[PDB]
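Residue numbers (the authors' numbering), protein chains in the order written: chain C, 854 to 916, 918 to 942; chain D, 854 to 914, 918 to 942; chain B, 855 to 914, 919 to 941; chain A, 854 to 943; chain F, 855 to 941; chain E, 854 to 941.
Every residue gets a Cβ at the ideal spot worked out from N, C-alpha and C, and that includes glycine.
First up is the structure itself, then whatever we jot down about it.
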Amino acid sequence: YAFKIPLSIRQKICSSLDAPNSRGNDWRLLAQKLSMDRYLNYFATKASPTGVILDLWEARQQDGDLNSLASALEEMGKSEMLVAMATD
Amino acid sequence: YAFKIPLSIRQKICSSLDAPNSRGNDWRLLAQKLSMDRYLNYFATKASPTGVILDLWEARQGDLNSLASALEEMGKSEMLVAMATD
Amino acid sequence: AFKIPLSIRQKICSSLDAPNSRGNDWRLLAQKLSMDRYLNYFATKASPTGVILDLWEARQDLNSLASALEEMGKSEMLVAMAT
Amino acid sequence: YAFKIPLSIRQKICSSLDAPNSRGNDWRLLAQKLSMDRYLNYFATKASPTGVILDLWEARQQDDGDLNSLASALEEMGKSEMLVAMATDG
Amino acid sequence: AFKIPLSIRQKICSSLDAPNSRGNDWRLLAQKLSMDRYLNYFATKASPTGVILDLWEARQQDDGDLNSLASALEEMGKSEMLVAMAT
Amino acid sequence: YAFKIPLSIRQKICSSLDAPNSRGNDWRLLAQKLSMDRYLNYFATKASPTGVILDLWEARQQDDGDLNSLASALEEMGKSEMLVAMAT
Ligand SMILES: O=S([O-])[O-]
Ligand SMILES: O=S([O-])[O-]
Ligand SMILES: O=S([O-])[O-]
Ligand SMILES: O=S([O-])[O-]
Ligand SMILES: O=S([O-])[O-]
Ligand SMILES: O=S([O-])[O-]
Ligand SMILES: O=S([O-])[O-]
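This is the structure we're talking about:
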């Protein structure tokens, strides 16, 4: 789109959040941090819910940066992910 | 339980609105009506732009009346009649 | 070689050089990045951190700096870097 | 810091090792011999790459014994004249 | 009457007094300081390097330095000593 | 030592030269005449400086070792008496 998440980062965020997490700290939390909590039931049936979430996120950007994504992962305590993004 | 657009109605809407329309009376207008147009770029990359819009709309939903109203505003009277008739 | 953005470098140095940051300052960062052997040198500079960051850049491990900040609770700086 | 290299000696060491005419026997070799080659790029940015290497060295100066790495370095670089001056002065 | 700081002498003496495997001891030092003709006398006391340094001191001007000594130790490859002096 | 001074003479020379006098005719002059003036400070440290001087003098003697250079120094110092005393 007018903006795209670099592939290596998208892949890491997805591998990390797609896995169902007993305590709610999976893609569901990202969806809530990006104000897409109303659509949870739609992402739930996709092979990669995190993938759909990030596509929608990209679609609504202008040519912006990864600040709101980095910042959401931060509030989720996804420390390693943050490091991962900076590293690349 | 949860709100669900009956499949036959989803398919009917998709076949009518996914089709090419010089006037723009298609999924793009439906998206605006359903307050989903912030994501038109995403919808465009899909096989059924309308299927995705309806699925997301349903999820955030339970009244089909809001949908009918959108379609009525779009002049899709022939479609509404075909649906009612089946 | 590589280079940390100036606005980021500025927030790092401001925080870690501060004496009110004792216990979570340049000394900790130096240890976390394996430059403990030169603590005494950093100490003679007005900005211990600026030098630490210069050595780190030269030694380029881009993961190590971000991991150190994360471990030091510097979330905003980390977000700035992920961005 | 426990021992400071005298200024006159520091000046001549830097004059020699910073010199481009000393390639093959300059600050780069000194850094490697002092186990600091990991930071070569940092030393290159300095007006005096040798001056900074020596500041770092002086910093590691814990107690008599660490001073051997340097002396050994000068000797191996043919700069013994320099070390003869350090044993002659505080 | 010039003098050598105790510590340094203590070091150098116990470092050279002990006979070295290839003659690199107070003996060689003697030759470097041109006291060749006196080895027999040095080899007649508690610490050989002791008198050698003693003779050297007395020879040094009232305001001299350990230059010629350090220089001797340099050609003998005694950096180990050119550091203790430095410190 | 390629030569040793008879203790009889040694004790004689030392008793005569260790005593300081206003003639400058003591161990300091002997040291000078034997080319050892540069070590004056050292000798002054010993109980018997003349003894030390004689030790160094004995030490540098070659095979032909002869009291000659020593007797000669004494002669130039106006000790001709002590010379025949050594002649005995
Ligand atoms: O188990 S995790 O959500 O910390
Ligand atoms: O998270 S809410 O805005 O759907
Ligand atoms: O758009 S059509 O189905 O009336
Ligand atoms: O394309 S028609 O429905 O205006
Ligand atoms: O000056 S050197 O590169 O031959
Ligand atoms: O050494 S002599 O005087 O018997
Ligand atoms: O008298 S001088 O030759 O030591």
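Quick one, which of the options has its alpha-carbon nearest residue i's?
{"i": "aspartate 908/A", "options": "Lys899/B, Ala872/B, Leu860/B", "result": "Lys899/B"}
{"i": "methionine 939/A", "options": "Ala924/F, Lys932/F, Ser875/F", "result": "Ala924/F"}
{"i": "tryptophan 910/F", "options": "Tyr895/E, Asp879/E, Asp871/E", "result": "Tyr895/E"}
{"i": "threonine 903/E", "options": "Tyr854/E, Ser861/E, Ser869/E", "result": "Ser869/E"}
{"i": "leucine 887/E", "options": "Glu934/E, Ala912/E, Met935/E, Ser933/E", "result": "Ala912/E"}
{"i": "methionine 889/D", "options": "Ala926/D, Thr941/D, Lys932/D, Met935/D", "result": "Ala926/D"}
{"i": "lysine 932/F", "options": "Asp942/A, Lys857/A, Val937/A", "result": "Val937/A"}
Rounded to a whole number of angstroms, what is the C-alpha to C-alpha distance between residue i and residue j?
{"i": "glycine 877/C", "j": "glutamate 928/C", "result": "15 Å"}
{"i": "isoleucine 866/B", "j": "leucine 882/B", "result": "13 Å"}
{"i": "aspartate 916/F", "j": "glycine 918/E", "result": "35 Å"}
{"i": "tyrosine 892/E", "j": "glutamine 864/A", "result": "37 Å"}
{"i": "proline 859/C", "j": "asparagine 921/B", "result": "18 Å"}
{"i": "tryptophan 880/E", "j": "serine 861/E", "result": "18 Å"}
{"i": "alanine 897/A", "j": "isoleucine 906/A", "result": "10 Å"}
{"i": "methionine 935/B", "j": "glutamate 934/A", "result": "50 Å"}
{"i": "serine 875/D", "j": "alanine 884/D", "result": "17 Å"}
{"i": "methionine 930/A", "j": "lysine 857/E", "result": "49 Å"}
{"i": "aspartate 942/A", "j": "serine 901/A", "result": "24 Å"}
Does any heavy atom of ligand 5 sit closer than 6 Å to the C-beta of residue i?
{"i": "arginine 876/F", "result": "no"}
Does at least one heavy atom of ligand 2 sit under 6 Å from the Cβ of residue i?
{"i": "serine 888/C", "result": "yes"}
{"i": "residue 981/C", "result": "Since the displayed chain C opens at 854 and closes at 942, residue 981/C lies outside it and no answer follows."}
{"i": "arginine 891/D", "result": "no"}
On the DSSP letters alone, give me the boundaries of the alpha helix (DSSP H) that residue i sits inside.
{"i": "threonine 903/F", "result": "902-913"}
{"i": "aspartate 879/E", "result": "Here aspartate 879/E belongs to no alpha helix (DSSP H), and DSSP marks it neither H nor E."}
{"i": "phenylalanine 896/C", "result": "893-896"}
{"i": "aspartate 871/C", "result": "860-871"}
{"i": "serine 925/A", "result": "920-929"}
{"i": "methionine 889/C", "result": "Looking at the DSSP string, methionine 889/C is not in any alpha helix (DSSP H), and its letter there is neither H nor E."}
{"i": "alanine 938/F", "result": "935-938"}
Any heavy atom of ligand 6 inside 6 Å of the beta-carbon of residue i?
{"i": "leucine 860/E", "result": "yes"}
Between residue i and residue j, is the Cβ-Cβ spacing less than 7 Å?
{"i": "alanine 855/E", "j": "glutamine 914/E", "result": "yes"}
Check whether the Cβ of residue i sits closer than 6 Å to any heavy atom of ligand 7, and report yes or no.
{"i": "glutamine 914/F", "result": "no"}
{"i": "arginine 863/E", "result": "no"}
Please find out if some non-hydrogen atom of ligand 3 comes closer than 6 Å to the beta-carbon of residue i.
{"i": "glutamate 934/D", "result": "yes"}
{"i": "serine 869/D", "result": "yes"}
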